[PDB]
Amino acid sequence: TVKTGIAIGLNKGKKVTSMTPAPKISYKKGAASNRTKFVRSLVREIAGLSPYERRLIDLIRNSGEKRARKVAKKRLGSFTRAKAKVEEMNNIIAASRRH
Amino acid sequence: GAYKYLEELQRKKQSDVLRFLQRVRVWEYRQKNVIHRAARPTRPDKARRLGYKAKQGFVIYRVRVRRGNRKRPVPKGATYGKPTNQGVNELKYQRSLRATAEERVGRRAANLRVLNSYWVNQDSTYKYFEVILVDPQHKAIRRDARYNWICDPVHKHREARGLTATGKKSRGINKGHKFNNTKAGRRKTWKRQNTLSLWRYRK
Amino acid sequence: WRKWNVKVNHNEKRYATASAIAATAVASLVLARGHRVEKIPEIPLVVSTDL
Amino acid sequence: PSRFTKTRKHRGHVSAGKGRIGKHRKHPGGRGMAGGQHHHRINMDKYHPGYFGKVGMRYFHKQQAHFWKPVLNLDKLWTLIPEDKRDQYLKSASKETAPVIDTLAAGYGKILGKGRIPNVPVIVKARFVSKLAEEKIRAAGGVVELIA
Amino acid sequence: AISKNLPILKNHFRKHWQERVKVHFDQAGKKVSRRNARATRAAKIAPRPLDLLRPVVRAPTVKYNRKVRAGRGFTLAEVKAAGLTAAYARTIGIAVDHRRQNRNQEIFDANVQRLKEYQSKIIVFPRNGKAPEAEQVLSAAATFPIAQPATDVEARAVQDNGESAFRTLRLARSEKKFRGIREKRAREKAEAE
Amino acid sequence: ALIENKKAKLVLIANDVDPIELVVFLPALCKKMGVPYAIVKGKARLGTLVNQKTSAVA
RNA sequence: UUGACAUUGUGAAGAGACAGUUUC
RNA sequence: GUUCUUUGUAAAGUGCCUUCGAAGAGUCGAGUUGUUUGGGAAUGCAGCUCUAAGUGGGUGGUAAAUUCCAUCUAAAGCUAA
RNA sequence: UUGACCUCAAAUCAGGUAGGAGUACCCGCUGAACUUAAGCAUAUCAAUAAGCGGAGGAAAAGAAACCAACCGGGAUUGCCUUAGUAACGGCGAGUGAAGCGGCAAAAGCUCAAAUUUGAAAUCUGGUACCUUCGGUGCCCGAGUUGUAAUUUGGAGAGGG
Ligand SMILES: CN[C@@H]1[C@@H](O)[C@@H](O[C@@H]2[C@@H](O)[C@H](O[C@H]3O[C@H](CN)CC[C@H]3N)[C@@H](N)C[C@H]2N)OC[C@]1(C)O
Ligand SMILES: CN[C@@H]1[C@@H](O)[C@@H](O[C@@H]2[C@@H](O)[C@H](O[C@H]3O[C@H](CN)CC[C@H]3N)[C@@H](N)C[C@H]2N)OC[C@]1(C)O
Ligand SMILES: [Mg+2]
Ligand SMILES: [Mg+2]
Ligand SMILES: [Mg+2]
Ligand SMILES: [Mg+2]
Ligand SMILES: [Mg+2]
Ligand SMILES: [Mg+2]
Ligand SMILES: [Mg+2]
Ligand SMILES: [Mg+2]
Ligand SMILES: [Mg+2]
Ligand SMILES: [Mg+2]
Ligand SMILES: [Mg+2]
Ligand SMILES: [Mg+2]
Ligand SMILES: [Mg+2]
Ligand SMILES: [Mg+2]
Ligand SMILES: [Mg+2]
Ligand SMILES: [Mg+2]
Ligand SMILES: [Mg+2]
Ligand SMILES: [Mg+2]
Ligand SMILES: [Mg+2]
Ligand SMILES: [Mg+2]
Ligand SMILES: [Mg+2]
Ligand SMILES: [Mg+2]
Ligand SMILES: [Mg+2]
Ligand SMILES: [Mg+2]
Ligand SMILES: [Mg+2]
Ligand SMILES: [Mg+2]
Ligand SMILES: [Mg+2]
Ligand SMILES: [Mg+2]
Ligand SMILES: [Mg+2]
Ligand SMILES: [Mg+2]
Ligand SMILES: [Mg+2]
Ligand SMILES: [Mg+2]
Ligand SMILES: [Mg+2]
Ligand SMILES: [Mg+2]
Ligand SMILES: [Mg+2]
Ligand SMILES: [Mg+2]
Ligand SMILES: [Mg+2]
Ligand SMILES: [Mg+2]
Ligand SMILES: [Mg+2]
Ligand SMILES: [Mg+2]
Ligand SMILES: [Mg+2]
Ligand SMILES: [Mg+2]
Ligand SMILES: [Mg+2]
Ligand SMILES: [Mg+2]
Ligand SMILES: [Mg+2]
Ligand SMILES: [Mg+2]
Ligand SMILES: [Mg+2]
Ligand SMILES: [Mg+2]
Ligand SMILES: [Mg+2]
Ligand SMILES: [Mg+2]
Ligand SMILES: [Mg+2]
Ligand SMILES: [Mg+2]
Ligand SMILES: [Mg+2]
Ligand SMILES: [Mg+2]
Ligand SMILES: [Mg+2]
Ligand SMILES: [Mg+2]
Ligand SMILES: [Mg+2]
Ligand SMILES: [Mg+2]
Ligand SMILES: [Mg+2]
Ligand SMILES: [Mg+2]
C-alpha cells in the first residue's frame, strides 16, 4: 500500500514492487450460500421465536431500539451481537405484522 | 440433503418445539439406567459429523452425570493446613462433565474404543450425553482404512488420557499466545523450563 | 554434574601446540624428555615420504 | 582444586577459621533478601539505593527489537568500508564517485555524531541519524539517504 | 543474608532442582548416533539429495527484515509460475508451502528462477527401467545457496537537495502524531463552514 | 434434495421416526416447494414397498 | 438458614402498561 | 534386477468461458464463582447462569463507544523423525 | 388368522474382547505440609510428595481460528538464545514466560455438510472350494434414520 521508503512516520516501510496475490477460500468462510439462506429461513418459519426473542420484539414495539439493544446486550454476550439481533427483529417486525 | 436442516434445527433449542422434545426425552433418559445402550443416535446429524457411521461396529451409548461442583471430599470439611486450601465448597473440577461421561462408559464397554461424545440434554441434577464408540476388533472397522487407526494400541482408553475432544479442550491443547502454559502439555512444558541444562564445556 | 571437561580458548590451544611443535627441534628438550636421540642424524628427523 | 584450598590449612585448628565465639551457624541473617527494610537496611541503602519501591510505566507484552536500533557514530563509520577499497576512496574525495556506505546492511539502526570524519564526501544510507551526525556528513560533502 | 557491596543475585534453586538436572554426556554419543542415522538415510533414500529445495524469503520484524534466509516452501503461485503442478513438485524434492503468499515481485521472481535452476540441475528417473546410475549429491541448499541481493552499487554521485534527512525524520513523525487530530480539525471544520 | 429441486411429485412421510426431527421439516419444505405430500401410517409399511425394513419417505 | 436464577408444565379470578404478547 | 499378464471402452493430471462453492451449537461468546498463569479491568481450566452469527467468526497482551486495518478459520480427525 | 416393524430381553448360543503386572520416561485427575519470608495469614516450598485413572517404545504435540506489524513469517517437537528479561509479588521474601534469530529433524494430510438416484455402486458373518496376514461363488444378515464413489477450503463442484 505505497510505503514511503523511510524508517519512521505514517506510511513508512521498504519500497518494494507489490503483487496482490490470489484470494483464499478460507476468507469467505462465513458467506451467504443460497442453500443456507434457504434452510435457515426455512427453519425460522418451522420454529419461530424463542422466549427471549419475542420479549425482545415487544421491547422495540414499546420502548424502542435502545432499551432493546441494552436488554439484548445482556441476553447475548456482546453489544455487537445485540445490535444485529435487534436489527434481526426490525426486519422480522416490519415484514411480519407491519407489512 | 436433510442433514443440514437437522443441524440448523437443533441450533434453536428454546424454539417452541425442541423444548417439547427436550422435555419428553429428558424424562425418558432419566427413566433408564444411568448408563444405557443407545439403540441409535438421537442426533444422527451431529453424530455423523463427529465420525459416527451407520455401519456395523459403531456403538452409541447414553450416560448420565450429576451436575454442579466438586465438593472436596474431606471429613467434616476439615482441611488441616493453611487457609488458602481451607476451601471445601466453591471447588470447580478441571475436567468437563462430558469428560466424566466418556470415561464411565469407556469403563463400561472396554473392548470398544471411544470416538467422541455430544450433549443431548440436561436438567438440574443430571447432564445427558451420548458417546460414539468404535469397535476396534470388528473387521468392518479393522479393514476400514479411514477408521483403522483406532485399533492401534496407543489409542487404548483415549478418553481417560484426555485425547478425545473434551480432553483436548480441558487439557487446553491449542495454538497461540493464550495457551503458552498448556499447549505442548502442561507438566511437560513445565518440567522443561525448570530443567537445568549443563553442557560438557560449560556454557 | 561436577564440571568434568574444561574449555580452552582456541587460540590458546593453538599457541600451546605451536610451542610444543617448536620443541620437537631443540634437541636438549627432546633429550631431557626421555627419547634416546643422542645418536640420530639431526633434529628434526625428516624421513622419506615412502615411509 | 582442593589441594590449594584453605580448608586444608585449617586442618587441626578446631574452629575451622570461623571463630570460637561467633561459630558458623545456619542463617544469622535470615535467608537471602530477608531483613531488606529492617535489619539489613544499612546495607541496602548505599550499596543498592533505589532497590525498593516503584518507578515507571508498565509495558505489557513488550517485545525487544521493536526497539532494535544499533548505533554507530562518525567516530568510525568508515570502518564499514573494507580496508582495501577504503584507501582508494580517502584520496579521491569527489562527487559523482562517492563511497556508498549502507549502515543497515552493517547492522546499524541510527548514526550518531561522536565526531571527526575526513573531508571525503560519503553517501551514507541510514535508517535514522543524529542531527549533528548528519550535519558533519554534509559539512564534508556527503549526503544521507533514508531507508527502511 | 545481605552483606558487603555485591549485586543482588536471583539464583533460582528453591524447588527440588537436583531432580531436573540434565547433563549432556551424550553430546559426542549423540553426534555419532545421528551421523550414522544421517548416512543411513543417504543410503535408504537412494540417489535422492537428503533435503528439500527451499524458497528465498525476507525475514520478519524490523531487526531481521534487512536479511533473507530459506523459507519453508514454495507458494503454489511460484510452483505454477515455474510451470509444474504442486502435487508433482512434492515428489521432485521441492518443498511447497501452501500458507505462504507473494506480496513481492522481486522475491516471487527470485524464487521462480531458483525453481527452474533446480529443474535444470536434476534428472528425474523414469517409472520403470533404465536408471542411469546418478551418484547422489548430499545437499540441495548447498547446490542452491542463498545470497543477499545487492541493494546498491559501489560508488555513485552525491546528490544533495539539502532537505537534511533529519528534518524529514522529524516531520514524518509529527505528521503521524497530529494526524487524527488534524482530521478532527477537518471535521469540527466540516460542519461549521 | 428432490423436493428442493421440485423433481419430486408425490412424497410420503411416516408418523413414526422416534428422532422426529428427521421428518418434521418436510411438510414445511414440501409446502414451500408446492409438492404434494402425505403422512402415512407406519415407517415399516413404507419399507415393504421399497424393499427395506423401514423407510419413512417414498 | 435466607434470597435470586435453573429443574418449571397447564387454567381461572383480582390487578400491572403502548383491544391482549406481557408482570405481581 | 529381471520376467509374466495388461489392468481399459478403467483411472489421472493440465488450459479456457460459465455457473456455483453446502465448511462442525448448550457450542463460540458473555456474566459470575473457584482455580490456575508472568498474563497485569482478569492466562488457562472448570462449575452455574445467559446463549450468537453467516460480507460471519477468533485473535491483535489496558477496561469502553466508534471508524478502520491486519491476521487466521474454532467448536470433528490422523500422522513418522 | 398371519407376517412384519420398533423397542427390550434370554441362551454354557457363534466368535472375539477388557481386567492384572510393570510404571525410569509419558497423557491426565487429585493434592499437601515441612520450608522460605529471620515472627506470620497472601505468597513460597509446588501447579512438588503422597493417593487415583491411561498408554507406548517412546508418549504427547502437529499441518494454524498460529506468530506477527516486517520488504513480513508459515505444522509439531528439540538444542543454543531470547532472559533471570516483559511481567507477576504483604511490588516483600520471592517469582517469570513468549515473538523474532542459529541449529537438529522434516511430511503430509481426511472427515461432516452434496442426488448413485439410469439403478447401495458399500459391509460383517456363514458355507463350499482355494494359490489362506487373503481370493471366489452362493446364502443369511448390516444398511436408505445412509453404506460406496466424489469434495475438505491450499480448495472444490455442475455445466460449455
Ligand atoms: C530453560 N530454558 C533455558 C533458556 O531459558 C535459556 O536460559 C538462559 C541462559 O542461557 C542465560 O545464560 C546465557 O546467557 C548469558 C548472557 N545473556 C551468558 C551465559 C549463558 N549461559 C541466563 N543468563 C538466563 C537464562 N534464562 O537458555 C538455556 C535454556 C535451557 O534454553
Ligand atoms: C569467583 N570469582 C570470579 C573469577 O574467578 C572469574 O570467574 C570466571 C567466571 O565468571 C566464569 O563463569 C561463567 O563464565 C561464562 C560467563 N557467561 C559462562 C558461565 C560461567 N561458567 C568462569 N567460566 C571462569 C571464571 N574465571 O571472574 C568473575 C569472578 C566473580 O571474579
Ligand atoms: Mg497482500
Ligand atoms: Mg465466495
Ligand atoms: Mg446394529
Ligand atoms: Mg455436586
Ligand atoms: Mg490439606
Ligand atoms: Mg486459595
Ligand atoms: Mg487445535
Ligand atoms: Mg507459565
Ligand atoms: Mg527436558
Ligand atoms: Mg527451552
Ligand atoms: Mg533453574
Ligand atoms: Mg574450584
Ligand atoms: Mg598443601
Ligand atoms: Mg592456619
Ligand atoms: Mg590459630
Ligand atoms: Mg581436637
Ligand atoms: Mg574465616
Ligand atoms: Mg566452637
Ligand atoms: Mg556473642
Ligand atoms: Mg558470626
Ligand atoms: Mg521494624
Ligand atoms: Mg524503552
Ligand atoms: Mg532508549
Ligand atoms: Mg538495505
Ligand atoms: Mg550482520
Ligand atoms: Mg529479589
Ligand atoms: Mg520422583
Ligand atoms: Mg535433514
Ligand atoms: Mg538529504
Ligand atoms: Mg501513539
Ligand atoms: Mg495526542
Ligand atoms: Mg479427481
Ligand atoms: Mg483438479
Ligand atoms: Mg470447522
Ligand atoms: Mg456486571
Ligand atoms: Mg450472574
Ligand atoms: Mg488443583
Ligand atoms: Mg471478516
Ligand atoms: Mg476479520
Ligand atoms: Mg500472512
Ligand atoms: Mg486440526
Ligand atoms: Mg493426535
Ligand atoms: Mg441362567
Ligand atoms: Mg457364546
Ligand atoms: Mg492396570
Ligand atoms: Mg525441605
Ligand atoms: Mg517461617
Ligand atoms: Mg527463623
Ligand atoms: Mg512459627
Ligand atoms: Mg505420585
Ligand atoms: Mg524415537
Ligand atoms: Mg501421537
Ligand atoms: Mg510456526
Ligand atoms: Mg520452537
Ligand atoms: Mg540436540
Ligand atoms: Mg539461567
Ligand atoms: Mg514485610
Ligand atoms: Mg511458579
Ligand atoms: Mg457419502
Ligand atoms: Mg486446513
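Everything below is about the structure printed above this text.
For each chain, numbering begins from 1 and proceeds through the sequence as written. The entry may number the same residues differently, and residues missing coordinates are not shown. The order in which chains are written sets their letters, starting at A; the order in which ligands are written sets their numbers, starting at 1. These chains belong to a larger assembly; the values given apply solely to the chains on display. With hydrogens and water set aside, each side-chain value is computed from the structure's full complement of heavy atoms.

**Q** Help me out: how do you make sense of the overall build of chain C in this one?
**A** Of the regular secondary structure elements, chain C holds two helices and zero strands. Only the C-alpha atoms count toward the radius of gyration. The rule for a globule is 2.2 Å times the residue count to the power 0.38. Here the C-alpha atoms of chain C give a radius of gyration of 16 Å, more than 25% beyond the 10 Å that 2.2 N^0.38 yields for 51 residues. Projected onto its principal axes, the C-alpha positions of chain C cover 50 × 25 × 20 Å. Per-residue and other accessible areas were derived by the Shrake-Rupley procedure at a 1.4 Å probe size, with only the shown protein chains allowed to occlude residues. Within the structure as shown, chain C displays about 5,000 Å² of accessible surface, and the carbon and sulfur contribution to it stands at 58%. For helices the rule is a DSSP run of H or I covering at least 4 residues; for strands it is a run of E covering at least 2, with both sets numbered from the N terminus onward.

**Q** In this structure, what is going on with the protein's contact with RNA strand I? I would like to understand it.
**A** Around RNA strand I sit 131 residues in total, of which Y3(B), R187(B), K10(E), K15(E) and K53(F) are the nearest. Neighbouring residues are identified by heavy atoms, a residue being near a molecule or strand if any of them is within 4 Å of it. In the interface set of RNA strand I, defined as its atoms within 4 Å of the protein, sugar plus phosphate atoms amount to 77%. The contact in question runs from a phosphate oxygen of RNA strand I to an N or O atom on the backbone of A54(B), over 2.8 Å. Of all the secondary structure elements, the ones that give two or more residues to the surface near RNA strand I are α1 (3–10), α3 (44–49), α5 (139–142) and α7 (186–193) of chain B, α1 (26–44) and β2 (56–58) of chain E together with α2 (43–50) of chain F. Sort the elements by how many residues they give to the surface near RNA strand I and α7(B) lands first, with seven residues. In protein, a polar contact requires one atom able to donate a hydrogen and another able to accept it; more generally it is a pair of N or O atoms within 3.5 Å, and residues adjacent in sequence count only if both atoms are side-chain atoms.

**Q** How should I be thinking about the packing of helix α1 (residues 34–47) of chain A against α1(B) in this particular structure?
**A** Describing two packed helices takes the angle between their axes plus the distance from one axis to the other. Only the contacting stretch of a helix is used when fitting its axis, a line to C-alpha atoms as for every element, and angles between N-to-C directions run 0 to 180 degrees. One way to put it is that α1(A) packs onto α1(B) with a least axis distance of 10 Å and a crossing angle of 50°. Taken together, the axes of α1(A) and α1(B) lie oblique to each other. Considering how the two elements wind past one another, α1(A) and α1(B) form a crossing that is right-handed. When α1(A) is examined against α1(B), the residues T36(A), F38(A), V39(A), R40(A), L42(A) and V43(A) are found in contact with a partner set consisting of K4(B), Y5(B), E8(B) and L9(B). Considering only residue class, the contact of α1(A) with α1(B) consists of six nonpolar, one polar and three charged. Under this scheme an angle from 65 to 115 degrees is roughly perpendicular, one under 35 degrees roughly parallel, and one over 145 degrees roughly antiparallel; angles in between are oblique. By definition, turning the near helix anticlockwise from the far helix through less than a right angle yields a left-handed crossing, and turning it clockwise yields a right-handed one. The contact criterion used throughout is that any non-hydrogen atoms of two residues lie within 4.5 Å. Under the scheme applied, nonpolar residues are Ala, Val, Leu, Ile, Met, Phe, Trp, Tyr, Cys and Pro; charged residues are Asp, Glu, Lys and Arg; polar residues are all the others, including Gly.

**Q** Can you help me understand the nonpolar core in this one?
**A** The nonpolar side chains of soluble globular proteins are, as a tendency, buried together. Judged by nonpolar contacts, the single largest core of 26 residues is most densely connected at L77(D), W78(D), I111(D), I117(D), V124(D) and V144(D). Elements represented by at least two residues in this core include exactly β4 (123–126), β5 (128–129), α3 (131–139) and β6 (143–146) of chain D together with α5 (166–177) of chain E. Other than its neighbours up to four places away in sequence, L77(D) contacts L72(D), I101(D), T103(D), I117(D) and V124(D). Grouped together as the second largest cluster of nonpolar side chains are 25 residues, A47(A), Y5(B), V23(F) and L29(F) included. As used here, the term nonpolar core means buried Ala, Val, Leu, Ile, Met, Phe, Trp, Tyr and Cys residues forming a set that is joined through side-chain atoms within 4.5 Å. Summary of the burial criterion: residues with accessible area below 20% of their type's maximum are buried, those above 50% are exposed, and those between are partly exposed, where the area comes from a 1.4 Å probe applied to protein chains only.

**Q** Is there a simple way to explain the pattern of salt bridges in this structure?
**A** Note on pairing: side chains with opposite charge can pair once their charged atoms come close. The salt bridge criterion pairs a side-chain nitrogen of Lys or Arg with a carboxyl oxygen of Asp or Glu, the two atoms within 4 Å. Counted according to the given criterion, the structure contains 34 salt bridges over all chains. The residue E8(B) makes a salt bridge to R40(A) at a minimum N-O spacing of 3.0 Å. You can see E8(B) sitting in helix α1 and its partner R40(A) sitting in helix α1, one on each of two chains. Judged by its relative accessible area of 5%, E8(B) falls in the buried class. A salt bridge links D123(B) to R30(B); its shortest N-O distance comes to 3.4 Å. Placement of the pair is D123(B) in the loop between β3 (113–122) and β4 (126–134) and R30(B) in the loop between α2 (18–29) and β1 (35–38), with a sequence separation of 93 residues. Taken together, the salt bridges that share partners define one network made up of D102(D), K125(D), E145(D), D152(E) and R156(E).

**Q** Can you walk me through the interface of chain A and chain B in this structure?
**A** Accessible area lost when the parts come together is the quantity often used to give the size of an interface. Facing eleven residues of chain A, the contacting portion of chain B comprises ten residues. Interface of chain A and chain B: buried area, both sides summed, is about 930 Å²; carbon and sulfur atoms make up 70% of it. Counting the contacts that link chain A with chain B gives two salt bridges. For the pair chain A and chain B, the interface holds two residue pairs in polar contact. Looking at the side of chain A that touches chain B, the elements with two or more residues in it are α1 and α2 (51–75) of chain A. Per-element accounting of the side of chain A that touches chain B gives the leading share, seven residues, to α1(A). By buried area we mean the combined loss of accessible area, with a 1.4 Å probe, across both parts when two parts are placed together.

**Q** Any chance you could explain the protein's contact with RNA strand G here in plain terms?
**A** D58(A), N62(A), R19(B), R23(B), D123(B) and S124(B) make up every residue found near RNA strand G. At 3.3 Å, a side-chain N or O of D58(A) approaches a base oxygen of RNA strand G. With respect to RNA strand G, the side chain of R23(B) contributes an N or O atom lying 2.8 Å from a sugar or linking oxygen. Secondary structure elements with two or more residues in the surface near RNA strand G: α2 of chain A together with α2 of chain B.

**Q** So what exactly am I meant to see when it comes to the interface of chain E and chain D here?
**A** In this complex, chain E contributes 30 residues to the contact, which on the side of chain D involves 45 residues. Roughly 3,000 Å² is buried in total at the junction of chain E and chain D, and carbon and sulfur atoms are behind 59% of that figure. The tally of links between chain E and chain D comes to three salt bridges. Between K125(D) and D152(E) there is a salt bridge, with the nearest N and O atoms lying 3.2 Å from each other. One can count 13 residue pairs in polar contact joining chain E with chain D. For the side of chain E that touches chain D, the secondary-structure elements that each account for two or more residues are β4 (155–156) and α5 of chain E. In terms of residues, the side of chain E that touches chain D owes the most to one element, α5(E), which gives four residues. Bridge count for strand β2 (residues 98–102) of chain D against β4(E) is two bridges, and the pairing is antiparallel. For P99(D), the partnering residue across the bridge sits in β4(E) and is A155(E). At least two bridges found by DSSP between two strands is the condition for calling them paired.

**Q** For this particular structure, what's the right way to read the packing of aromatic side chains?
**A** Ring pairs (aromatic) are described by centroid distance and by the angle formed between their planes. Only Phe, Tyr and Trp rings take part, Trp by its six-membered ring, and two of them pair if their centres are within 6.5 Å. Stacked means planes under 30 degrees apart, edge-to-face means over 60, and tilted covers everything else. Counting across every chain of the model gives ten aromatic pairs over all chains. Seen in terms of ring centroids, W1(C) and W17(E) are 5.7 Å apart; in terms of plane orientation they differ by 55°. Their pairing is tilted. Of this pair, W1(C) sits in the segment before α1 (10–22) while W17(E) sits in the segment before β1 (21–23), which puts the two residues in different chains. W17(E) gets classed as partly exposed once you look at its relative accessible area, which sits at 25%. In this structure an aromatic cluster arises from ring pairing among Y29(B), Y126(B) and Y128(B). Two conditions define a charge sitting above a ring: the NZ of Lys or the CZ of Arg must be within 6 Å of the ring centre, and it must be within 35 degrees of the ring normal. Note that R64(B) overlies the ring of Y126(B), its terminal NZ or CZ placed 4.4 Å from the centroid. Cation over ring: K69(D) sits above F128(D), and NZ or CZ is 4.0 Å from the ring centre.

**Q** Got a minute to help me understand the sheet that holds β4(E) in this structure?
**A** The strands that make up a sheet pair up through hydrogen bonds in the backbone, lying either parallel or antiparallel. The strand order across the open sheet formed by four strands is β6(D)-β4(D)-β2(D)-β4(E), and the pairing between neighbours is mixed. Of all strands in the sheet, those bounded by a partner on one side alone are β6 of chain D together with β4 of chain E.

**Q** Would you take a moment to explain the sheet that holds strand β3 (residues 110–112) of chain D for this structure?
**A** Taken together, three strands build an open sheet; the order of strands is β1-β3-β5 (chain D) and the sheet is parallel. One side of each edge strand has no neighbouring strand; the edge strands of this open sheet are β1 (71–73) and β5 of chain D.

**Q** How do you make sense of the arrangement of the chains when you look at a structure like this?
**A** Comparison of the nine pairs of chains in contact shows the highest number of contacts for chains D and E. Nowhere do chain A and chain C come into contact; their C-alpha atoms are at least 41 Å apart. Separated without contact, chain B and chain D have their nearest C-alpha atoms at a distance of 10 Å.

**Q** For this particular structure, what's the right way to read the side chain of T166(B)?
**A** All names here are of chain B. Structurally, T166 can be placed in helix α6 (residues 165–170). Judged by its relative accessible area of 5%, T166 is buried. With residues near it in sequence (within four places) discarded, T166 still touches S96, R98, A99 and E102.

No statement about biological role is implied by the geometric values presented.
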